[PDB]
> 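If you scroll down you'll find the structure; I have some questions about it.
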Amino acid sequence: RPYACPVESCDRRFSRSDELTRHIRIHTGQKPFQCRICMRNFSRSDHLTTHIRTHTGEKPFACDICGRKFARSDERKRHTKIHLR
DNA sequence: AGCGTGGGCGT
DNA sequence: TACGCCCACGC
Ligand SMILES: [Zn+2]
Ligand SMILES: [Zn+2]
Ligand SMILES: [Zn+2]
């Protein structure tokens with residue numbers, strides 16, 4: 001991990017330079033992406049994409065066992081587990 | 001439950 | 001450099 005965060009209070013290191021640039025945003029407070037609907041700003045594009053689903057009601061991921069739908073894959077993953085117990 | 005949000009990393 | 005995934009933690 002050749003890329004260390006320069007903020008003295010922080011000590012995060014990364015493998016690629018782009019990971020450092022993305023991380024740096026938590027320190028600069030920069031949020032490049034804005035929701036066309038509610039105007040809220042976000043630090044990342046992928047998080048804006050999933051956030052928008054809260055407005056549209058879009059749920060692309062369904063449970064293979066019960067068919068319950070979710071807006072995010074990690075929500076589906078957390079849910080499928082319950083069918084074990 | 002619903003969802004913000006950082007980290008890793010393939011491409 | 002950027003997108004967009006999985007992943008995971010936190011409330
Ligand atoms: Zn930092
Ligand atoms: Zn919004
Ligand atoms: Zn299910």
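So you know, we letter chains A, B, ... as the sequences are listed, proteins then strands, and number each from 1.
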> Send over the distance from A/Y3 OH to C/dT1 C1', rounded to a whole Å.
11 Å

> Starting at CD of A/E19 and ending at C1' of C/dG4, how long is that distance when rounded to a whole Å?
14 Å

> Looking at A/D74 and C/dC7, is any side-chain donor or acceptor paired with a base atom of the opposite kind under 3.5 Å?
no

> Starting from P on C/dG4, measure out to CZ on A/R16 and report it in whole angstrom.
15 Å

> Just by distance, do the side chain of A/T80 and the backbone of A/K77 share a donor-acceptor pair under 3.5 Å?
no

> Before you tell me yes or no, could you show the steps for A/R25 and A/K31 under side chain to side chain contact (heavy atoms under 4.5 Å, CB included), namely the whole-Å CA-CA distance, both residues' side-chain angles and the distance that decides it to 0.1 Å?
CA-CA 7 Å; A/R25 283 189 262 271; A/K31 296 182 172 182; over 6 Å; no

> Would you give the length of the straight line joining atom CZ of A/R68 to atom CD1 of A/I82, rounded to the nearest 0.5 angstrom?
8.5 Å

> Contact list please: residues 34-42 of chain A against DNA chain C, heavy atoms, distance less than 4.0 Å, in numerical order.
none

> Please check: side-chain N/O of A/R76 versus main-chain N/O of A/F61, any donor-acceptor pairing under 3.5 Å?
no

> Yes or no on side chain to side chain contact (heavy atoms under 4.5 Å, CB included) for A/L20 and A/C5, after CA distance, side-chain angles and deciding distance?
CA-CA 7 Å; A/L20 176 56; A/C5 180; 4.3 Å; yes

> Check the distance between C/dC9's P and A/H47's NE2 and give it to me in whole angstrom.
15 Å

> Using a 4.0 Å cut-off to any heavy atom of chain A, which nucleotides of DNA chain B are the first and last in contact, reading 5' to 3'?
B/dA1 to B/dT11

> Does anything in residues 5-13 of chain A reach DNA chain B, meaning a heavy atom under 4.0 Å, and if so which residues?
A/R12

> Quick one: A/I24 CD1 to C/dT1 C1', roughly how many Å, whole number?
15 Å

> Which is true for A/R25 with a 4.0 Å heavy-atom rule: it touches a base, it touches only sugar-phosphate, or it touches nothing?
nothing

> Determine whether a donor-acceptor pair (N or O, by modelled atom type, separation under 3.5 Å) exists between the side chain of A/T49 and the backbone of A/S45.
yes

> Taking DNA chain B as the partner, which of residues 49-61 of chain A come within under 4.0 angstrom of it by heavy atom?
A/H51, A/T54

> Do A/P60 and A/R72 come close enough that some side-chain heavy atom pair is under 4.5 Å?
no

> Heavy atoms under 4.0 Å, any strand shown: does A/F70 hit a base, just sugar-phosphate, or nothing?
nothing

> Could you grab the distance from atom NE2 of A/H27 to atom CZ of A/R12, nearest 0.5 Å is fine?
9.5 Å

> Identify, residue by residue, the members of residues 77-85 of chain A with a heavy atom below 4.0 Å from DNA chain B, and return them in order of residue number, or none.
A/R78

> Does any part of the side chain of A/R22, heavy atoms only, come nearer than 4.5 Å to the side chain of A/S43, both counted from C-beta?
no

> Scan A/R76 against the nucleic acid and name what it touches under 4.0 Å (heavy atoms): base, sugar-phosphate only, or nothing.
nothing

> Could you walk me through whether A/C63 and A/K69 pass the side chain to side chain contact (heavy atoms under 4.5 Å, CB included) test, one step at a time?
CA-CA 6 Å; A/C63 174; A/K69 286 172 185 159; over 6 Å; no

> Counting N and O atoms only, with roles assigned by atom type, does the side chain of A/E75 sit under 3.5 Å from a partner on the main chain of A/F70, one being a donor and the other an acceptor?
no

> Within the 4.5 Å heavy-atom criterion, are A/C35 and A/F42 side-chain neighbours or not?
yes

> Any salt bridge (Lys or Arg N to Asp or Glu O under 4.0 Å) involving residues 37-57 of chain A? Give me the pairs, sequence neighbours left out, ordered by first then second residue.
A/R44-A/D46, A/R53-A/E58

> Going by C1'-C2'-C3'-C4', which side is C/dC6 on: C3'-endo/north or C2'-endo/south?
south

